[PDB]
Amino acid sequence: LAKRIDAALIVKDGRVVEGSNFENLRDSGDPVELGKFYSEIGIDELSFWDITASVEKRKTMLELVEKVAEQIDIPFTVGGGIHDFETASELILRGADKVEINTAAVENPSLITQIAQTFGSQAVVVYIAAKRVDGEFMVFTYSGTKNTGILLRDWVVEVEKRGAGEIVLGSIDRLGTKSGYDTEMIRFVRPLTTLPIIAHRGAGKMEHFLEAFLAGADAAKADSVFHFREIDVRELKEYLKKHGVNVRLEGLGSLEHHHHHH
């Protein structure tokens, strides 16, 4: 019944892709300052999703993880093309609370178990990109481009069996949309796993988060809707609490310039 609000930042070469509209920041495209800003206004957890193309990706992600852990105190996940145990191991040891895998786990589900055996299930996030194909939810890999022919219902069960800690459920059918989370897909997955389910893609307004939690999501992740300020994070948490959703609010408070405190 406790619910989580997460912000995700897509990063390339240590930069926020397409930036943000927070001109109060010294550099609105710097993922550490943006991430620290989110942790101060009330985001519960962060995801840093790297799309660095060329041969610099591994070093780039280790450098990001290093800088994030030194400045940021809320949990964060790194993801985006993490392909084996040694890469994931390096990133956790460098300071990431959680590592997210997708394509590599679909192709080699043993990878889930290998990470969880050393670092515990709570360190493992599996991102599942799913799409309706001929009346069935399917799993897509390679940045949503490869139909694996694997059914979502089968993969969710296998992901829990292999030892993942939580699932991010990203609806390709909502990619870039603003009409709501894929609540039908969330409801479809909810009876199939006891793991935390994190909704991703489709958020356009505050009411969409309420819908996702009524559908059984344990957490809701968004990116552009926060970065370009269509939704204010504190306003969202106040709205959710007002309508009965158990979000984390008492741990915040100081954002209205209330007198002074030395």
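Start at 1 with the first residue shown and count on from there.
Review point. Should the higher mean CA B-factor in the entry be assigned to 109-117 or to 84-92?
Key: Averaged over C-alpha atoms, the B-factors run higher in 84-92.
Review point. Which is higher on average in the deposited entry, the C-alpha temperature factors of 132-140 or of 156-164?
Key: Of 156-164 and 132-140, the stretch with the higher C-alpha B-factor average is 132-140.
Exercise for review: Please work out which residue in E235, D44, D50, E66 has the highest C-alpha B-factor recorded for this crystal structure.
Suggested key: Reading the PDB entry, the winner on C-alpha B-factor is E66.
Exercise for review: Sort the modelled residues of this chain by their C-alpha B factor and say whether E100 lands in the lowest, middle or highest third.
Suggested key: Its C-alpha B-factor belongs to the lowest third of this chain's values.
Practice item. Taking the chain's C-alpha temperature factors as the reference, tell me which third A123 falls into: lowest, middle or highest. Key: Its C-alpha B-factor, which the entry lists for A123, ranks in the middle third among residues of this chain.
Review point. According to the PDB entry, is the CA B factor of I10 in the bottom, middle or top third of its chain, that is, lowest, middle or highest?
Key: Within its chain, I10 is a middle-third residue by C-alpha B-factor, going by the deposited values.
Check your understanding: So where's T177 on the chain's Cα temperature factor ranking, which third?
Key -> According to the entry, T177 has a C-alpha B-factor in the chain's middle third.
Review point. Is the Cα B-factor recorded for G35 in the lowest, middle or highest third of its chain?
Key: It belongs to the highest third of the chain when residues are ordered by C-alpha B-factor.
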